[PDB]
Peer 1: 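Have a look at the structure that comes next, please.
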Amino acid sequence: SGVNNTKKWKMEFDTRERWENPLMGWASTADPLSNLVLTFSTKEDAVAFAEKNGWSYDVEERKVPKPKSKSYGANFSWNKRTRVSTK
Amino acid sequence: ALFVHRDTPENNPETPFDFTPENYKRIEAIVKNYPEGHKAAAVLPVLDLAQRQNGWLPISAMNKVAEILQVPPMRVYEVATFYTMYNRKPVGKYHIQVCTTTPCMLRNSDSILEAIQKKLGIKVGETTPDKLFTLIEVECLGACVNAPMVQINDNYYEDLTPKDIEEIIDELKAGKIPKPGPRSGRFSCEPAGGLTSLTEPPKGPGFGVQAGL
Amino acid sequence: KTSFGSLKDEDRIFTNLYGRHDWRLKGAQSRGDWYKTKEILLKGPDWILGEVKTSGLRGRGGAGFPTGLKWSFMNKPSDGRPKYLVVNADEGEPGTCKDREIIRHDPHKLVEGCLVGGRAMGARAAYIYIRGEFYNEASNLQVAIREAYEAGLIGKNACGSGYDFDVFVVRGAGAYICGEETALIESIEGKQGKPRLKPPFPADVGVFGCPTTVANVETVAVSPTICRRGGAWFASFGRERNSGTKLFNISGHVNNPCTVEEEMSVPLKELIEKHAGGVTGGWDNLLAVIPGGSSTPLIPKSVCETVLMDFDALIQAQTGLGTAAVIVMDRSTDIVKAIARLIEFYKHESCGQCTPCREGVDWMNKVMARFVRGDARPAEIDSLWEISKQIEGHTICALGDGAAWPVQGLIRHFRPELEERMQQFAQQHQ
Ligand SMILES: Cc1cc2nc3c(=O)[nH]c(=O)nc-3n(C[C@H](O)[C@H](O)[C@H](O)COP(=O)(O)O)c2cc1C
Ligand code: SF4
Ligand code: FES
């Protein structure tokens with residue numbers, strides 16, 4: 001339920017091939033950016049960093065939970081379906 | 001003592017249960033005490049009625065209550081396991097319930113529980129092989145000034161001594177149904193050795209009524 | 001006044017407390033019940049709430065809220081939902097058996113109280129919730145209610161006032177927690193007896209989600225008399241803010257355990273000696289008293305010498321009036337075991353809904369069981385004190401508080417006894 005990992009903007013790159021090492025079965029790669037993840041305060045900072053480095057990019061808008069209407073009393077409604085059958 | 005059900009040949013969904021036609025008439029009266037649209041309020045009395053007819057509640061009896069009142073079986077299962085008066089396994093003809101909370105303990109409810117076990121030969125929580133008695137300890141029964149006391153089925157037997165509760169059990173074996181109430185000499189909760197109050201004849205209608213009425 | 005007690009029979013309300021007169025309607029009417037009830041109903045809810053407020057009456061169920069103000073929460077315009085009075089006859093507090101006598105010996109006082117009380121709140125019906133073990137008392141009450149219906153005292157045109165009122169008896173199924181007011185409502189609705197959080201408050205969202213007031217049997221049963229004899233008459237008994245008479249249960253180690261009606265603010269020592277026949281073995285054989293049922297902390301003999309039995313005085317003694325269930329323990333009692341058995345009671349009665357009481361009361365029970373044997377270290381006493389303070393004030397309902405207070409009373413007043421038992425166990429097992 002924690003939301004502290006949804007504060008900052010992240011930049012990551014497209015995933016590329018990983019294959020099994022013949023000797024051990026370990027996961028091998030030839031992608032130097034496979035682990036590179038950058039952190040930004042705003043999408044504007046992220047976009048500015050991407051542009052000056054020549055990277056084509058996709059921006060995804062921030063998803064925020066919409067405000068909910070919560071009422072403990074609706075659990076016991078006289079005539080509404082919100083009446084709970086157990087606690 | 002478990003709160004999970006396992007099917008057995010004697011307790012499973014195909015165990016036979018059904019309300020008698022007379023008991024169905026009582027259910028209507030029960031269901032009509034609550035507002036229309038809130039029939040689930042009748043689960044406790046209807047479930048208790050099933051136990052009064054059958055002596056206890058097999059899972060089939062719980063399913064029937066859920067079916068009649070149109071509530072999920074789980075909600076009936078929750079009620080049956082929450083309240084301690086519902087017997088989810090068979091009990092004996094006479095369910096002996098000894099109170100052992102502190103006020104009764106202070107007045108030697110231990111000697112009562114000991115006497116019953118010695119007479120019946122069983123331990124707490126057990127049923128006799130003849131299946132006439134089941135013995136359990138219970139919390140305060142609301143008769144503390146009449147301690148030590150027991151409840152057998154629907155009746156309170158009060159102010160007990162080891163002699164008193166052995167006569168009560170002997171009467172139950174003999175088939176006689178003993179009278180409930182204190183066995184010490186007083187009739188209810190009045191102090192022993194004579195009333196310290198309410199000795200004068202009571203005032204009649206209108207006594208002390210204020211002006212204006 | 002300076003001295004309270006020696007209540008006279010004329011001033012007793014529950015005049016058939018011992019069942020030595022007829023409890024059925026004819027007896028009740030000849031004792032002054034159901035008298036000028038129509039006149040009271042036609043004075044209106046505001047007048048009734050006036051007399052209850054003036055009387056200084058406070059809830060007799062244990063919490064002791066001022067009844068007049070509490071009942072006035074329902075005196076508001078209707079919004080469409082029906083309004084209900086729920087009468088609490090669960091009577092679960094150990095040492096408390098006062099409501100049992102009203103139901104079976106003075107049932108018509110309760111029925112009239114429901115009608116008069118229900119009128120003040122604009123209620124359409126009263127649901128009397130009686131604990132399932134009180135089967136014979138419930139049947140007595142049911143017979144009394146039939147008589148009132150047959151006489152036209154309740155139901156359509158109750159007493160001829162033009163007010164329609166119903167009285168229903170619903171039985172419990174064995175659960176001390178169902179005496180808590182919101183857990184009582186949840187039980188009537190057919191769920192597990194688990195208390196609700198507040199808000200909403202029952203006067204806004206109650207039984208079936210409708211405006212409701214939960215009132216104790218004794219509180220409701222005295223309302224007809226207060227309206228007849230006046231609030232000024234009731235307020236003339238007891239100390240200020242502690243008015244009226246009160247039913248007392250005296251059990252434990254007394255010569256004559258009994259239920260008696262006595263003035264509020266009566267000295268505790270006088271009550272035990274005048275009515276209960278004195279402490280077994282003499283007043284000097286006293287060890288401790290639980291003054292208001294198992295939930296109230298115990299007080300030792302020294303405090304009992306002068307403490308008065310009313311709400312304010314017992315709060316000064318670091319306990320509470322509670323239900324006025326006096327449980328007496330003499331010097332032969334194993335005090336640690338006695339309190340341990342009460343924690344075992346709360347462990348068996350916790351509804352399990354909320355963490356501090358589900359886990360904490362069970363935790364306190366295991367510690368107390370070791371304290372009885374002395375199988376502990378003194379550092380665990382302050383641990384137990386801190387555990388109890390983590391339960392109190394952090395639970396949904398007051399059962400958690402009721403489990404922590406008896407523990408605190410033991411530690412507060414009998415810490416040396418706990419330490420002696422621990423010291424002795426170590427020697428035998430060193
Ligand atoms: C665990 C628990 C058990 C209770 N049992 C009862 C009871 O048996 N009878 C009662 O009147 N109040 C009982 N109460 C108190 C009620 O919640 C409530 O305060 C009372 O019914 C209010 O009525 P009154 O203002 O007339 O006292 C209990 C409270 C708790 C927390
Ligand atoms: S304090 Fe105990 S009885 Fe009260 S709601 Fe929490 S778990 Fe249930
Ligand atoms: S302690 Fe046994 S009836 Fe109350």
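Numbered from 1 within each chain, the chains take letters A, B, ... in sequence-line order.
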Peer 1: Mind listing the donor-acceptor pairs under 3.5 Å that bridge chain B and chain A?
Peer 2:
from    : atom 1 : to      : atom 2 : distance (Å)
B/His38 : NE2    : A/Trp78 : O      : 2.9
B/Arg75 : NE     : A/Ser85 : OG     : 3.2
B/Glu78 : OE1    : A/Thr86 : OG1    : 2.6
B/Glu78 : OE2    : A/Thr86 : OG1    : 3.2

Peer 1: Can you confirm whether more than 12 heavy atoms, excluding those of B/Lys131, are under 6.0 Å from its NZ atom?
Peer 2: yes
Peer 1: Heavy-atom count around B/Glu114 CD within 6.0 Å, excluding the residue itself: above 12?
Peer 2: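 No - once you tally the heavy atoms of other residues, nucleotides and ligands closer than 6.0 Å, there are 12 at most.
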Peer 1: Pick one of side chain, backbone, both or neither for B/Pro72, based on which atoms fall under 4.5 Å of a heavy atom in chain A.
Peer 2: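 B/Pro72 has no heavy atom closer than 4.5 Å to chain A.
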